[PDB]
Every structure is written in C-alpha cells, then in structure tokens.
C-alpha cells in the first residue's frame, strides 16, 4: 500500500503500493512472488532478482522467514540454469522461467492449469503459469459454504486437483508431485491461516477469504484484517503442515487418482537436470492481473 497509508502498521512499516503488471513484465506461477513483484518488493518487471532481495521481501513484507525459502531459492536457481543453459549466479533471469513444466512448476496446481491440460494434440501446450479462475474454483468448491478449512480439508483439495488433472491432462503428461505441492499447502497455512484464533500454531485454519484475495488479486488481504505473521513463519511450521495435510484422514475419495496418492509424501529435495536435457518451451502469455475489479494502489 502507499507508504503513508499505514495499512501494514505495525507489522510492515515500509509498504509500497500495488501496481498491475504491464504486458512486458515477467510474472511467475507463484502467487507469493507475483504479489511481491506487483508491490516492487522484488523488481516490478520480474527480472534480475537476487537471493537477498527475495529473502528481505518475504521476511519484511510477508512474515516469511529465510528458512522457509532456502530450498525454494536453491531450486529457483537450478531451474534458471536448466532453462537458460548457463549458471545464473545471483541474478534470477526472470520469474517466468519458473513455470518450466515438470521441474519446479508441477501438475495438479491449486489455481493454474497443467502444461498439457485438455490439449487435443500431444505437442500442444497451454498457459500453466497465470492464475486461472476456473481452476481455482475447483479448489474452492471442495470447501464451498465455509469460511475456514483445516488439514483434512486441504488434503481433500489436493486430491480433487490430482484427480481432475489426471483425467484432463493429455495421456502420458500427468506426473504427481506431492512433495512440491504439499510444501505449498504448508505455505498456504503459514501465510493465510487465521492467527486470530487461540490455537493457530497447533491447529491452523485457513481463512478462505484471505486465500481467495491473495490468489485472485496477487496482492495482500489487509482489507480483510490480514497482516504478515509475527513472528515470521519458519520452515518447521511449513513442513509440519505439509506432513499433517498428507497424514489427514480421507473421507471422500475421488476416482482417477495416481498410484500412492493417499498417504505420506517424500521430503522435498534439490532439483537436478541432465545437462543433455532440453527445457520445454515456456508459455508466452502476458502476465495476469485482476480485472473484476481492477485494483488500486492500496489493494
């Protein structure tokens, strides 16, 4: 928000306004990175981003401590080198390359379509990067009529997404990614669980309106009473949440699940790509911004 607005105070005392991305700006498949870039906490153009810029932006403006993004940073730079064909050092070339499929970006996302979702021919691909309202609605529908949801609800959401993507993706494309997705499940609990409830750290409950605002608007739901978690969330919270989601009892089983869908997931580890391996082409679509309604500087 505008620095004089005080909207982030006393949690964030140095805010910057929302500015929609322009057609030439680079955006990510990540709702968190996109909100940071929309505010200029990382470059508005989404290019040439250092590890420290990311660390500072997450810590000071989202209440997400450095530990939470350590592996994320490693993987971002691994993918940069894979996509561009050379070491990117400490300047992530852009945010868009993070949508390289079957890498860091993965299938059965909560709010994005898959790279070969619903394509008529094996060589087609689609925008697996920008926010997709219809896809997000398939996540939200699992928790329809509710204001909050828990770990067991989240497990049902990710199961529904896996089922849908397994049915809809071009045959042979769909690849399950429980370890990456469920760190992101942990991320959702870390950022938009309701810290105003007394037992948030033991049994965190996602506020659906906060989640929807963050994903749909790629800006922060201060208007709905959200603020950055204080103290900043640490990796233990995230991976514990991740494990808790996957450990939660499934009371509604969708059909068309991949083998081993229900049950614990592997720990996420550094990505690695064969030097021989040619990256898939990136979707070239202009970055998404909210239009219904468009956002002001304080939204």
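Residue numbers count along the first chain shown, from 1.
Asker: Select between 115-123 and 153-161 the stretch whose C-alpha atoms have the higher average B-factor in the entry.
Answerer: Taking the mean C-alpha B-factor of 115-123 and of 153-161, the larger value falls to 115-123.
Asker: Going by the average Cα B-factor in the PDB entry, point out whether 12-20 or 276-284 comes out higher.
Answerer: Stretch with the greater average CA B-factor: 276-284.
Asker: Taking the values straight from the PDB record, which of 49, 250, 69, 37 has the highest C-alpha temperature factor?
Answerer: So the option with the highest C-alpha B-factor is 250.
Asker: Between 63, 29, 43, 263, which one tops the list for C-alpha B-factor in the PDB entry?
Answerer: Of 63, 29, 43, 263, 263 has the highest C-alpha B-factor.
Asker: Where does residue 193 sit by CA temperature factor within its chain: lowest, middle or highest third?
Answerer: Lowest third.
Asker: Would the CA B-factor of residue 91 place it in the lowest, middle or highest third of its chain?
Answerer: Its C-alpha B-factor, which the entry lists for residue 91, ranks in the middle third among residues of this chain.
Asker: Comparing against every modelled residue in the chain, figure out the third that the C-alpha B-factor of residue 170 lands in (lowest, middle or highest).
Answerer: Its C-alpha B-factor belongs to the highest third of this chain's values.
Asker: By its CA B factor, does residue 57 count among the lowest, middle or highest third of the modelled residues in the chain?
Answerer: It belongs to the lowest third of the chain when residues are ordered by C-alpha B-factor.
Asker: Taking the C-alpha B-factors as the PDB entry records them, is residue 201 in the lowest, middle or highest third of its chain?
Answerer: CA B-factor rank for residue 201: highest third.
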